[PDB]
């Protein structure tokens, strides 16, 4: 049982609003027409129960935006990774031109699809809770996620599996984890000054947490990705580069995950002293990264998505 090795020297938490938020996410999906034919299965999506773990101290209104955003990501992701649009760059470019217009604050038009309308709704709701500087940073992380998904599409279309270095570098954006990390600021109601927000050690803590979450997901989701012939997965990329067995590739992936956990724990104590207020806010942010690491693992072990 290789899944037993996905362990951390810290624990997570869940918002008491978890089930209320999950039911509201299903109602939001229905409202914006994101629930496709494939009804009874929708009851066990449980996207709100991941959000509830990722932002456990958030007010219900803010948690609901995070939950709806996570739902959006899964709906978009399953299109990219399991349907035709993921093998069609020109279709994806056309869609992303609409998303990018909506991220700049353009109102959707009659011809726009459900996902564009739903994105516009999330941007509108975030604009009410967040200042302009935050909105710009979130939008750029979402833009980089679109860029990364266009890159994954070209790989699928050309039948090309990236090397480990390229995959790991791209994975940091293809999973939209940085955009989710931006929501921690709103969940914790913290205003980090520019010099603290972008500090090298904070960036390295963000990178480590992102790698941990993505590589944990890669170990839990290689089976379903193999079924669809999509090798955007640390296990499958390691297998191709090292020409090794699947058990060996899984073992190597878990070793990289364990090393990245140790790196995160180590760098947590390398945060320099700015002032009392800034460091208090900074420790709430870094605590947020730990909640996310645990949320991903705790939710993913209990989800039929990876069964």
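Rigid core (definition): largest C-alpha set, two forms, superposition within 1.5 Å. Numbering follows the first chain given and starts at 1.
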Should one compare 135-143 and 73-81 by root mean square Cα distance from the shown form in 5 other deposited structures of this protein, core superposed, the larger belongs to 73-81
Check: residue 38 without coordinates in a third or more of other entries: yes
Counting only residues from the deposited sequence, how many are left out of the model between residue 38 and residue 39 (none, 1 to 3, 4 to 9, 10 or more)? 1 to 3
Per the entry, higher mean C-alpha B factor between 255-263 and 39-47: 39-47
Which has the higher mean CA temperature factor in the PDB entry, 265-273 or 66-74? 265-273
Criterion, highest CA B-factor; candidates, 182, 97, 206, 218: 97
Top Cα B factor in the deposited entry, candidates 139, 166, 227, 174: 227
What third of its chain, lowest, middle or highest, does the C-alpha temperature factor of residue 52 fall into? lowest
Ranking the modelled residues of this chain by C-alpha B-factor as given in the entry, is residue 108 in the lowest, middle or highest third? highest
Lowest, middle or highest third: where is residue 200 by C-alpha B factor in its chain? middle
Chain third (lowest, middle, highest) by recorded CA B-factor, residue given as residue 131: highest
CA B-factor ranking of residue 162, expressed as a third of its chain: lowest
